[PDB]
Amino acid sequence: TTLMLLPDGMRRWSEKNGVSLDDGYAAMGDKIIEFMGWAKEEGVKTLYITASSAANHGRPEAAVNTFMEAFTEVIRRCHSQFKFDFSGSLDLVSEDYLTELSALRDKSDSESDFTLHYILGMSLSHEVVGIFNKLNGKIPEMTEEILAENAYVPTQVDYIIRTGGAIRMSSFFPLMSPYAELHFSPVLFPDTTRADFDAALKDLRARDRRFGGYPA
């Protein structure tokens, strides 16, 4: 049901195709619209996309505006097709983009059966530092339920696809989904095809999932 995409490889794809980072991120933008179609058509109801980690916001200003603009451009183009929301380390993101993203959330089809949600500035340590400071001395006790209701990723994630040929989480691990299944693809994200997508879903659906228990 619930899929999280970690779209990676834009810088390398740009260099390999002799185009600008901006063109790489536009290719990403277009590929994200394709991908979502595939997802909807495969029974995904909620698609999280990790727009950025915390450390990604430490890249040069131009590289940062480039990913922000391209991710935002997807929402300007497709917002009436889905329910849109965003979350994360929003202190790391510029005011302009939060405004625009806020509006697009406003402008999106609150009634859709498909959700597309961005995490921005993703990072367990940032997430936990922020939650602690928001609730320190204001609640008697943290619980699982309070933590879930404050986590960046507000629901459980079943499947994670990460492109870009790197077998690591890169700060994108979902706090409350310990048993999320991971599919790593060596493909640079803008090269991703439907065959790639179907081979990922075929691997992910064949997994025997045990959630820390023994099959009885």
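Heads up: residue numbers just count along the shown sequence, starting at 1.
Between 173-181 and 61-69, name whichever shows the higher mean Cα B factor according to the PDB entry. According to the PDB entry, the answer is 61-69.
Hey, which bit's got the bigger mean C-alpha B factor in the entry, 122-130 or 92-100? Comparing 122-130 with 92-100, the higher average CA B-factor belongs to 92-100.
What third of the chain, by the recorded C-alpha B-factor, contains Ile160? Its C-alpha B-factor, which the entry lists for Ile160, ranks in the lowest third among residues of this chain.
Tell me, lowest, middle or highest third: where does the Cα B factor of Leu3 rank within its chain? For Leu3, the deposited C-alpha B-factor lands in the middle third.
Among the modelled residues of this chain, does the Cα B factor of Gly9 put it in the lowest, middle or highest third? Its C-alpha B-factor belongs to the lowest third of this chain's values.
What third of its chain's C-alpha B-factors does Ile32 belong to: lowest, middle or highest? CA B-factor rank for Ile32: middle third.
Record-listed C-alpha B factor of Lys138: chain third: It belongs to the middle third of the chain when residues are ordered by C-alpha B-factor.
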